[PDB]
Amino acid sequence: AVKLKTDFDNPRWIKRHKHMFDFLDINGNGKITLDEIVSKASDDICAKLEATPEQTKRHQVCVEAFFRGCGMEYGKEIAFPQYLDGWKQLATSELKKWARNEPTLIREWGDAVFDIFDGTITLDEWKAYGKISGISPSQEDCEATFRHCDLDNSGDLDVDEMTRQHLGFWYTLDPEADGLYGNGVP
């Protein structure tokens, strides 16, 4: 039962997103652009995963939409506070879509990522994504991810499940989502 109540002033949610912000801020100058996010998605991740140009393009479209949801844009340098406001807007919109059974941006992003590893992904594939995207380079943390989630009979992870977990993790600080990335993301 996905938590749909938001908790935007909870220091743990804020911290989760500051962590991710700093993670995206290679430079460390306190500012990120859509250009850097998309380059990470397309030049870094998709290339290393050896996705087809079609998969690469659709993944890029999903990433563009997702981060535009939080106010990001090409050539626009964004600092953390504005970024976080943008995330409040994104979360709100996404939860409204989810409630109405309209596809979320996080779901569609998920569909692209899973399609690259193709309707499930394995623990090894997730460790691969973890190290390549850099969100979860500790294989133990990825194993903690697979222990956290409800896997299928094959021991693999479903996109429905990962979407529910991600809704809980990024949008609502759902207690049921805590530890989704092990100790990799607070």
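Position 1 is the first residue in the sequence shown; the rest follow in order.
According to the record, no deposited residue between residue 150 and residue 151 is left without atomic coordinates. For the pair 12 to 20 and 172 to 180, the mean B factor over Cα atoms is greater in 172 to 180.
Between 83 to 91 and 69 to 77, the higher mean Cα B-factor belongs to 69 to 77.
In the PDB entry, residue 116 places in the highest third of its chain by CA B-factor.
Annotation for residue 135: C-alpha temperature factor in the middle third relative to the rest of the modelled chain, per the entry. When all modelled residues of the chain are sorted by CA temperature factor, residue 46 is found within the middle third.
Remark: residue 37 belongs to the lowest third of its chain, ranked by C-alpha B-factor as recorded. Placement of the Cα temperature factor of residue 144 within the chain: highest third of the modelled residues, per the deposited record.
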